[PDB]
Each structure stands twice: as C-alpha cells, then as structure tokens.
Amino acid sequence: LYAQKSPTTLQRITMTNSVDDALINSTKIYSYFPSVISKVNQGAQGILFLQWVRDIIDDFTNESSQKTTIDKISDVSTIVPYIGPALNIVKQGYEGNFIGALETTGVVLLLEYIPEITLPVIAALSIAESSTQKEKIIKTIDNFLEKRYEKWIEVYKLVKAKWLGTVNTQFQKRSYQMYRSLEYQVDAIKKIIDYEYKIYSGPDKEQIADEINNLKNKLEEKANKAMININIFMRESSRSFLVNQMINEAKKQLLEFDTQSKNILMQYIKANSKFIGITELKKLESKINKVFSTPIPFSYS
C-alpha cells in the first residue's frame, strides 16, 4: 500500500522500494519509480542543482508515462504496469513481473476481492396450452420464443447490474488509489527538492528560484497525464471483465437454457401436429432452428 503520510518534520527524507522500510522509518517514503529513487537519493552533482531538479522531472516523466498492451486482452488499449508495485498487488512467482502476472491471470488480478461470477442453472420455459385451435397454438409458439428472447435480455441486465455494484466499483477504487499515490509521490519529491534548495547556496540560487518554484505545477502536470492513462486502463479493464468473464458465464447458462427450451417447444409442436398443415410445419421447424442457432449478443446501458 501507500505507506501512510510523508513526514511534516522537514528533515532529509529519502526514497525506498521497500514498503516495510517506509512503514517503520519516518524519513523513508515508498516509491515505485526506480530512476526517480536513484536521482532523488543520489542528490545533486556539485552545484549543478538546476540540472538535478530537471533530471528528477524528466525521470519522473519517463517513468509515469510508461504504458504497454497485451495482445490476448484485445479490448484493453492501455496498460500501466507500475500499478502493481504502486498498490502492492503482487502475485506469487511473478515478483517484479506485474505485466507477466497480468498476461497469465487477466484483469481480474487488479481486484482486491475476486467475485463469484458463476450463474445458477436457468430453468427451461414451459408450455401450458391445452387448446387445439390452430391460432392459439401458433400464438403459444410465438409467445414462447419471445419469452426465450427476454430470458437472455434479463440475465444480461442482471450480470451488468452485479458488475456495476461489485466489480466496477473495485476498479474505480484502484483509480482513486493511484490518484492518491501519485499525489503522494509529487509531494514527497517536492519536499525533498525544497529541503535541498534551502541548504543550497550556489551563485545561481536567485536566478533559478522561479523554475524551482514551478516544481509542483510541473509534477502535477505529469501526474495528471499518468492519471489519464491509468483511468483509461481501469475503465477498459472493468468493461473487459464484464463483457468476457462475467458474460461468458451468462452465455454458458443460457445456451443450456436454450437447448432445454427448444426441446420443450419441439415436443409441444409434435403433440399438436394434427392441427397444422405440413406446409406451415416445414416453416416453423426451420424458423425455430434458426432462431435458436443465432445467439443474442450482449449490449448494455
């Protein structure tokens, strides 16, 4: 996790890649940008103070702007890999390899709590009609197939609503956690630079005060650009999990609902084939077979 709060004591605080090191020691701030850790801890080369600040900003920029993708997760355009270390999301056997952990686990790795996404078996529809009038039989069939359609629409809404309430919320939390993590980094680096500027006494000290006073603006500009990548990553990851993992589970139960419902309907028709002409039956058979062979695609609002 974000290891608490940068000390207000105005001492020489350094950066660490150990979360434990940061919890125990007040003068140590957890960070997940290695080139920043090195630059900040190393300190300035001689009186080249201005170049030290400028390096910290460049390295902060290169580190926080990093992004990649995974071909098999075709609907996530933006993956920000340092989220793993920022949020202490680690997978056993993938230490230092968040991106490889994500290739094998999937976006589900990002969630604090894996949710259960299996669905109950979806009971086949039934048919009550005992009349033998032809028009009441055709309508009974036409209602059946309309009820069959709705079942797909209903189960989809149900999975989308579970997702909105228990899965999407976890991803959005991750955004807000990264937002606080990145503000923390920006404040820690600002506190270190200011401390070192106070001690600095080089001949350009007055000249460079404007640029050093622009540090927080500059770093927040970079954090905001990283947050744009990160929110896109969380948005695309959340939707990917809904549209694949959670809805594949619905599609699985509904295809089985379909085989059972078709069989219920086939038997109803056969029992009432006295009352319908060979000509009409040739058409219902193939209408039914094609309605049940074309599955209902997922969509939501």
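Residues numbered from 1 in each chain as written, not as in the entry; some residues may be left out. Heavy atoms only, no water.

A. Geometry of the overall build of the protein chain. A count of helical and extended segments in the protein chain gives ten helices and two strands. Walking the protein chain from its N terminus toward its C terminus, one meets helices and strands in the order β-α-β-α-α-α-α-α-α-α-α-α. Taken over the C-alpha trace, the protein chain has a radius of gyration of 30 Å; the compact-globule value for 301 residues is 19 Å, which it surpasses by more than 25%. In the protein chain, which comprises 301 residues, the share counted as buried stands at 44%. A sequence separation of at least 24 residues applies to 74% of the contacts in the protein chain between residues at least 6 apart. Roughly 16,700 Å² of accessible area belongs to the protein chain as shown, and the carbon and sulfur atoms make up 52% of that amount. Distance between charge centres in the protein chain, computed from 39 positive and 34 negative side chains, equals 8 Å. (Helix = DSSP H or I, 4+ residues; strand = E, 2+ residues; numbered from the N terminus. Rg over C-alpha atoms; globule rule 2.2 N^0.38 Å. Buried < 20%, exposed > 50% of the residue type's maximum accessible area, 1.4 Å probe, protein only. Contact = heavy atoms within 4.5 Å. Areas by Shrake-Rupley, 256 points an atom, 1.4 Å probe, with all protein chains shown as cover. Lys, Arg positive; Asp, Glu negative; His and termini not counted. Charge placed at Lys NZ, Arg CZ, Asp CG, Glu CD.)

B. Highlighting the packing of aromatic side chains. Counted by the stated rule, this structure contains twelve aromatic pairs. Consider the rings of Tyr156 and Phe298, whose centres lie 5.2 Å apart with planes at 85°: the pair is edge-to-face. Residue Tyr156 is found in helix α6 (residues 134–166), and its partner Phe298 is found in the segment after α10 (278–291); the two are separated by 142 residues along the sequence. Like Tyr156, the residue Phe298 is buried in the burial classification. With 5.5 Å between their ring centres and 10° between their planes, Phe298 and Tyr300 make a pair best called stacked. For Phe298, a relative accessible area of 17% translates into the label buried. Linked through ring pairs, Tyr30, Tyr32, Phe33, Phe60 and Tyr82 together constitute an aromatic cluster. Across from the ring centre of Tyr197, 4.9 Å away, lies the NZ or CZ of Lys205, which sits over that ring. (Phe/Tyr/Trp six-rings, centres within 6.5 Å; stacked < 30°, edge-to-face > 60°. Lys NZ or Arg CZ within 6 Å of the ring centre and 35° of its normal.)

C. Quick look at a nonpolar patch on the surface. Together, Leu1, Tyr2, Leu23 and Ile24 line one region of the surface with nonpolar side chains, adding up to about 410 Å² of accessible area. Within the secondary structure, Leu23 is located in helix α1 (residues 19–24). Given the relative accessible area of 45%, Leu23 is considered partly exposed. (Patch = residues over 30% accessible without salt bridge, like charges linked within 9 Å, V, L, I, M, F, W, Y side chains within 5 Å. Salt bridge = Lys/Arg side-chain N within 4 Å of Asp/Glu carboxyl O.)

D. Looking closely at the side chain of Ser131. On the secondary structure map, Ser131 appears in the loop between α5 (98–105) and α6. Looking at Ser131, the relative accessible area reads 15%, which means it is buried. Of note is the side chain of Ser131, whose polar atom sits 3.1 Å from the backbone nitrogen of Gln133. When residues no more than four places from it in sequence are discounted, the contact partners of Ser131 are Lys136, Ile137 and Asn272. (Polar contact = N/O pair within 3.5 Å; in protein donor to acceptor, adjacent residues only side chain to side chain.)

E. Broad picture of the nonpolar core. In terms of nonpolar packing, the biggest core is built from 91 residues, with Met178, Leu182 and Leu265 touching the most fellow members. Counting residues per element, this core draws most heavily on helix α9 (residues 215–271), which supplies 19 residues. (Core = buried A, V, L, I, M, F, W, Y, C linked by side-chain atoms within 4.5 Å.)

F. Up close: the environment of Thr166. Among the secondary structure elements, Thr166 is positioned in helix α6. In this structure, the C-alpha to C-alpha distance between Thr166 and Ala223, residues 57 residues apart in sequence, is 28 Å.

G. Expanded view of α5. Buried within α5 we find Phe98, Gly100, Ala101 and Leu102. Close packing links the buried residues of α5 with α4 (83–86) and α9. Within two residues after α5, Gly106 carries a phi angle of roughly 95°, on the positive side.

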